[PDB]
Structure formats: structure tokens, C-alpha cells
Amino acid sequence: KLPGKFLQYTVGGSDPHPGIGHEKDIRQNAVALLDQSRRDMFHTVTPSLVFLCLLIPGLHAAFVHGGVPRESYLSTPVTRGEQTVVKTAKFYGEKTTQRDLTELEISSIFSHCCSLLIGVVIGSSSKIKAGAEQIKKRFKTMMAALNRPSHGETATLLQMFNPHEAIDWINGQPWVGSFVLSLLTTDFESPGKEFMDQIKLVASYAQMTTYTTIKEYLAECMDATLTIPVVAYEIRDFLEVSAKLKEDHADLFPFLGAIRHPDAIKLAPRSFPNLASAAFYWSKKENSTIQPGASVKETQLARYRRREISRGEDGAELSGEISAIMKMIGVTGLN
């Protein structure tokens, strides 16, 4: 037999980290980091953090307060001075032919940050690494709202720089919730207003998929699974818990998941194991559902699913006008 020993955690390690440079250098750093060969010189996450600082004045000092270093690790150390240098707080080159950003570069930085912040609000880089056509659609909507619809297609100067590493890095920081809260609650001047309109749409019920799946089930289920006593008792509790959270949080309620608020856990599967099991069961059949703690069984869900409930009757005769409209599409009446 193996002895049952296992690798133990050490204490104390410097690992490579990204940085944000100095506030006065934000624009110069951003311009330099538009070039792939420059990005190759630093921790991969650094340019994304610098672009966010450029996007949102005031954000650099907030990151500093959260413990984000000014210095980025270098891709390769420089044994330059008898001493070995592994990091720096400046990312622009000696050849300092300072120029300003073009319009298309600005839109491209918007595109990169749009994907990045979508990943941060949903708590995952999986869709940005992959599921990206929905993301581009949001970006195109933004660009049209800003009267630059062609840029929805053409602002691709950062297309090879995927933000996935920066999504993961920000998602692991203790201040991620506060950062999202600040984005959702700040009244930004244009074009920030239009940028945040898209992030807010994405953030609504983000990381509250148990809540929204249950609500869908309660609104749309047409079968008797809703009536299974342990399910029904949890429906009442869920609606009451939800109402209390809505009263407490008001307009932030749809954002509890996105801001990593501790109350979001009150609407997790573990809080309503039988109802979550029933709703997940229904939702997979409509498009391993039994939750830890649930006493309801799959065989019971199957049997009750075959029985119908009613949500009221609306009249057994169509109006003359609706009958005529039905004839336009080859429908003769109710059956």
C-alpha cells in the first residue's frame, strides 16, 4: 500500500506577476504595448491591466490600493549591471518616439477590454477563449451606439491578443467583486456610458444561473413535478428568500453574482436542493441533476413530469378578428 503521504504546501514564494506601471505613464505604456513584440517582453497580463487603466481614469489608484504592483515581471531577466533584473515599472522603449492613439486603436482597445470585462463579470474565460460571436455582437452594438459601426468590424488591431489570461488573473484577486461593483455603479461620461451599457446587459443575473433556471422552471413548467411536496415547500421558501434579497439589494439584486456578494450563496443549489434538482431536470429535458441534500429521486421526477398541470383557461373560442388573422396563415381554429 502507498503510505498515504502527500505533497505539502510550502510557505514563501515569489512568482512572476504583471504590473500597471506609473499613473503618469499610462498612455505611453498603452501605445508601446499595442505592439506584439513589446508585449512579448512582459508578463502576459500586464498590457490588459494597462489598457484598463487607460480606459478608466482613477482605476490605476484603485488597483494600487488593491495591491496590484507597479512593476511587471519581464519575460526574460536581464543580467545588466552585475545585478539581475526580473521586473520593471516602465513598459515603453528607450526609443521614445511618443505618439498619440488613433481612433481605430482606441476602438481596438475598447474591443479587448469589452471581452476582458465580460469574462470578469461572468467569472470565466472559457467563452472568450472560444464562444466569441455573441461577444462581437455586443461590441458591434456598442460601436453603432457610438456612431462608428464600421469599427465593429474593423477595430481588430488587438485581435491576436486574447484577454483570457487577464480574465483568469483578475478573477482570482480578492478585490474582483468591488471592481465590478464600481463599474456597474459609476455614472460614466460617453463613451464609457455606451461601453458600460453592454457590460451591464451581460452582468445581469451573471453567475446566478441557479436563480434564473429556477425562475424559468417556475414560470414555464407545465408538469406536476412542481407539486412534489419537498419541491413545493422549497418553491415557497425560494420565492420568500428571493423577495427578501430583492428588498435588501434593490437595483443591485441582478448583480449579486457579478459583484461576488456573499448573499449570492443564499440562491445556490445547496440552499434549495430539491427544487434545484427539479428545475435542472426540467431544463435539461427542455433543452446528473439530483443535488447534494435532495431527497427527490429521478424516477419520481420522471413520473410526475408525465402529468400536466394547468395555468388557467383563456376562453374556448377565438374572436372573429383573431380567427381571420389565423386564416391568413392556414390555421382554422383551436383544437
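Start at 1 and count along the sequence shown; that's the residue number.
According to the record, 4 to 9 deposited residues between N287 and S288 are left without atomic coordinates.
The PDB entry records a higher mean C-alpha B factor for 181-189 than for its counterpart among 181-189 and 106-114. The PDB entry reports B-factors from which the mean C-alpha value can be compared for 219-227 and 133-141; the larger average falls on 133-141. Among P47, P292, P69, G58, the highest C-alpha B-factor recorded in the PDB entry belongs to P292.
For the set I235, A203, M160, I259, the maximum C-alpha B-factor listed in the entry falls on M160. Remark: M196 belongs to the middle third of its chain, ranked by C-alpha B-factor as recorded. Looking at the C-alpha B-factors along this chain, the one for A324 belongs to the middle third. The entry lists a Cα temperature factor for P16 that places it in the middle third of the chain's modelled residues.
Annotation for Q173: CA B-factor lies in the lowest third of the chain's modelled residues.
In this PDB entry, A155 carries a Cα temperature factor that places it within the middle third of its chain's modelled residues.
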